[PDB]
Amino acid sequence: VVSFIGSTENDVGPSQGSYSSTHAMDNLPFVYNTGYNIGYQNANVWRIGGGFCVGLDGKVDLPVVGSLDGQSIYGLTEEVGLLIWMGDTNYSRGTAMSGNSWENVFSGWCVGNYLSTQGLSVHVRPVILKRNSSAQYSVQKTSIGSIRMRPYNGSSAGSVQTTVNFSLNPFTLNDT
């Protein structure tokens, strides 16, 4: 048994967020290490039971303005980009992202003959692209991508909602 209990649209990171870094941005691109603060986590998006086996798929829509260490830097504005992560519940369980096609983000599992729940989590890292002349970057609310449950081992979804989508909450990058 499965069931959708979460929400279709989920905002990544809080609104009006301010971030700072005194590290080093000499040789762009630079990537703020804000940990997992800009993201989304709902360990309860699908209710499952009876051997139901589920995995997790993710897909970012933003264009690939490049690639950082085998990961795809996704762009928003001329000067701003991001390192995107998607996967299962525990933020630490994230799977970096490359391209704009559906990729496996969580190997999944097979619950027992009891009632549990299936979750997901997104986390992003703000990348600075092209130079500026104010040392300040704005970020307007923009779509990012989605996650879709992956029923396997003979498991079925049916008409039960399989995908939820994400959106990047606005914010601004500082540095000083």
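Each residue number is its position in the shown sequence, starting from 1.
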| query | finding |
| --- | --- |
| Mean Cα B-factor comparison, 40 to 48 or 139 to 147, giving the higher one as deposited | 139 to 147 |
| Stretch with the greater mean C-alpha B-factor as recorded in the entry, comparing 162 to 170 against 14 to 22 | 14 to 22 |
| CA B-factor ranking of residue 113, expressed as a third of its chain | middle |
| Among modelled residues of the same chain, the CA temperature factor third for residue 104 | middle |
| Chain-wide C-alpha B factor ranking for residue 130, given as lowest, middle or highest third | highest |
| B-factor third for the C-alpha atom of residue 120 within its chain | lowest |
| CA B-factor placement of residue 29, once the chain's modelled residues are sorted into thirds | highest |
